[PDB]
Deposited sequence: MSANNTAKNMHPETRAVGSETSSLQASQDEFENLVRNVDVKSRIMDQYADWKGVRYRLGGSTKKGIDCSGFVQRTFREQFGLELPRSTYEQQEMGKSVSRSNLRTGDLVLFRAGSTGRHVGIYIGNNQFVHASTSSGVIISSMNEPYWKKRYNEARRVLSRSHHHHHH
């Protein structure tokens, strides 16, 4: 871990990735895949299996599977500081539904009705249900305050 911490640090520090571009690579590839609760393949996927799989394949970032657990990763983000690659969370029978912000008030998610899609945050259903956001892509800091 004392090599692997340096190596992990070095990777975060050199890698300047185009976050939106990478998310849309994944979306192009996964567009229209069906809803299956607990699924995580191209035969069917739920919202948080989609997030988990996206951040791993595209950013090498290890997120938990549970949406409860995904809602406590990284720092919370107010709505006006929203950036591409932030997890957007909604009160939506789960209680809790997660997508990825991709700018222009759009987000990418696995929905019940349509499978993997882009929606607008402004769509009445989601604006009522918008709950919070989390930043999980985040250059990790040298010294920490208490």
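Gaps in the coordinates relative to the deposited sequence fall at 1 to 21, 114.
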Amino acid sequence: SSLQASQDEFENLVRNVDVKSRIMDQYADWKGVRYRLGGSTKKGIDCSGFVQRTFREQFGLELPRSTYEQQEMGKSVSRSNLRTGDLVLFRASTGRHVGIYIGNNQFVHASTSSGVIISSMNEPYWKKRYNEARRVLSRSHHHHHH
From here on, numbers count along this sequence of modelled residues.
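Averaged over Cα atoms, the B-factor as recorded in the entry is higher for 39 to 47 than for the other of 39 to 47 and 52 to 60. Averaged over CA atoms, B-factors in the entry run higher in 122 to 130 than in the other of 12 to 20 and 122 to 130.
When the modelled residues of the chain are ordered by their C-alpha B factor, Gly95 lands in the highest third. Sort the modelled residues of the chain by CA B factor and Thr84 lands in the lowest third. For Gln4, the recorded CA B-factor ranks within the middle third of the chain. Only modelled residues enter the ranking.
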